[PDB]
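Chains as they are written, first to last, in full-length UniProt numbering: chain A, 10 to 85; chain B, 10 to 85.
For each residue, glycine too, the CB sits at the ideal point set by N, CA and C.
Number of protein chains: 2
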Amino acid sequence: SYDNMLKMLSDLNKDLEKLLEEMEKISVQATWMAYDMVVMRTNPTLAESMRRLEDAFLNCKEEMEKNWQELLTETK
Amino acid sequence: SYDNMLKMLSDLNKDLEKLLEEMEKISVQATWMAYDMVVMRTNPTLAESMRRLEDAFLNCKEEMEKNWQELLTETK
Numbered sequence: 010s011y012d013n014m015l016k017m018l019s020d021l022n023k024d025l026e027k028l029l030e031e032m033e034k035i036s037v038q039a040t041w042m043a044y045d046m047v048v049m050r051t052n053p054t055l056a057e058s059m060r061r062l063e064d065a066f067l068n069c070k071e072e073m074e075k076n077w078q079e080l081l082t083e084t085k
Numbered sequence: 010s011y012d013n014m015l016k017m018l019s020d021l022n023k024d025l026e027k028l029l030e031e032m033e034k035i036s037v038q039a040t041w042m043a044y045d046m047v048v049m050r051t052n053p054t055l056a057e058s059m060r061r062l063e064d065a066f067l068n069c070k071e072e073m074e075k076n077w078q079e080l081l082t083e084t085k
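Printed below as a string of structure tokens:
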């Protein structure tokens, strides 16, 4: 059984890890999208590009919150 | 204009922050859902609950990747 538990744990760890790594990628990329925009200020449409990016961030945050509520329902 | 740039930057920072904080919450909660399950081993249906949770993790990861492609499209 010890090997069976080790296999189950391995699979849960792999799947949690894939989720965490996905979120890590989003985090780093979103941070550089923001910081790059504020440093590339010569952009002529700075106002609109900042608005588009920040509303995209809010949209993604809200979708992720709905994904998370879905997970909570699937696992309750 | 300096004050206006400060205001735009403030709003982008707020929205990026809300995204990052959402992902932080998911990260911490998903980690404790996994670790609590592996320590509450007396659970009679451990196999099924581990399967449900790991598949929920994979589903959430895949949804987040689709959300992220949506953001990349909105901001291209």
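(message) Please report whether the beta-carbon of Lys27 (chain B) lies at a distance below 7 Å from any beta-carbon of chain A.
(response) yes
(request) Let me know the secondary structure DSSP gives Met49 (chain B) once reduced to three states. (result) coil
(request) For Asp24 (chain A), return the contacting residues in chain B, with the cut-off set at a CB-CB distance below 7 Å. (result) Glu63, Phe66 and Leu67
(message) Assess contact between the stretch 55 to 68 of chain B and the stretch 17 to 25 of chain B, defined as three or more Cβ pairs (one per stretch) separated by less than 8 Å. Is contact present?
(response) no
(message) Using beta carbons (cut-off 7 Å, strictly below), is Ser36 (chain B) in contact with chain A?
(response) yes
(message) One question on the structure: do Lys70 (chain A) and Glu31 (chain B) come within less than 7 Å of each other, judged by their Cβ atoms?
(response) yes
(message) I need the straight-line Cα distance from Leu18 (chain A) to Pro53 (chain B), nearest angstrom please.
(response) 16 Å
(request) State the CB to CB distance for the pair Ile35 (chain A) and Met42 (chain B), rounded to an integer number of angstroms; the pair is presumed to be in contact (CB under 8 Å). (result) The pair is not a contact, with the Cβ atoms about 20 Å apart (cut-off 8 Å).
(request) Measuring only between beta-carbons, confirm whether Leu80 (chain A) sits less than 7 Å from chain B. (result) yes
(message) Starting from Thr84 (chain A), trace the alpha helix (DSSP H) in both directions and tell me its first and last residue.
(response) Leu55 to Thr84
(request) Select from the stretch 10 to 21 of chain A all residues with a C-beta closer than 7 Å to any C-beta belonging to chain C, and list them in chain order. (result) Absent from the structure is chain C; the protein chains it does hold are A and B.
(request) Check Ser36 (chain B) in the structure and name its three-state DSSP category. (result) helix
(request) Say whether chain B places a C-beta atom closer than 7 Å to the C-beta of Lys85 (chain A). (result) no
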